[PDB]
Structure formats: structure tokens, C-alpha cells
Amino acid sequence: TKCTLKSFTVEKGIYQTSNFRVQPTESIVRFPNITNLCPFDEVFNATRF
Amino acid sequence: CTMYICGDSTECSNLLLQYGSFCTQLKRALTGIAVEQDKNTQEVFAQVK
Numbered sequence: 297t298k299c300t301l302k303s304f305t306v307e308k309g310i311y312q313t314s315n316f317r318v319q320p321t322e323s324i325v326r327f328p329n330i331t332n333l334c335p336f337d338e339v340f341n342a343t344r345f
Numbered sequence: 736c737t738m739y740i741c742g743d744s745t746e747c748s749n750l751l752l753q754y755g756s757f758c759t760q761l762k763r764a765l766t767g768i769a770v771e772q773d774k775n776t777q778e779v780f781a782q783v784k
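Line by line, the protein sequences give chains A and B.
If you're matching positions, the first sequence starts at 297 in the authors' numbering and goes up one per residue.
If you're matching positions, the second sequence starts at 736 in the authors' numbering and goes up one per residue.
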């Protein structure tokens, strides 16, 4: 409170300072089962385009 | 602002403090309105001891 109000002697009363926010437990990455290597790498092997 | 302007992003919040006190004013201005509504009800009704 004395930080956000920027002093050392805060007066009597209520003061809005910050907010309470919980934090995530873990990380989730979900992708479709398919992981078929992509055939556009064969374009790099090609000579005549 | 920390939740509305930026989606709780540490990268966006750094840019918000770069703008200075454009959000301390709005928090203060809205706080003045909030305490004002509670005062407005006092004169209308709280006229009897």
C-alpha cells in the first residue's frame, strides 16, 4: 500500500493495490496423432524445379 | 490495465509501464467515481440520525 501510494505514512482507509491471480500448474500440448514426415523435403533434393 | 490491456503477458506488461502513468490515472479516476456513488446515496437517504 505504501508502495503504490508512494509514501511512508498511509492514511486510514481501504486502498486498491493489485490483483490476486493464480498460476498454471503444468503445460499441455495437444496435437493430432498424425506425424507423417512431410514430402516437401524431397523438393530440396530435386534439381530441375 | 494489467489484465485488460495485456492478456497477463510479461512481454506486454513491460511495454505498458513504458507508457508511464496512463493507468494510475484511470484507476484513480474510477476510484473517485466509486467512492462518489457511495457518497451520493448518503445525502439522499442518510438524513436522519
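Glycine included, each C-beta is placed from N, C-alpha and C at the ideal position.
Please state the DSSP three-state secondary structure of residue i.
| i | result |
| --- | --- |
| B:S748 | helix |
| B:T766 | helix |
| A:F316 | coil |
| B:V779 | helix |
| B:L761 | helix |
| B:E771 | helix |
Using a cut-off of 8 Å between C-beta atoms, extract the partners of residue i located in chain B.
| i | result |
| --- | --- |
| A:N329 | Correct list: empty, because the minimum Cβ distance to chain B is about 30 Å. |
Residue i versus chain B: which residues are under 7 Å apart at the beta carbon?
| i | result |
| --- | --- |
| A:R317 | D743 |
Just to confirm the assignment, what range does the alpha helix (DSSP H) spanning residue i have?
| i | result |
| --- | --- |
| A:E338 | 337 to 341 |
Contact set between the segment 745 to 774 of chain B and chain A, restricted to residues whose Cβ is under 8 Å from the partner: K762, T766
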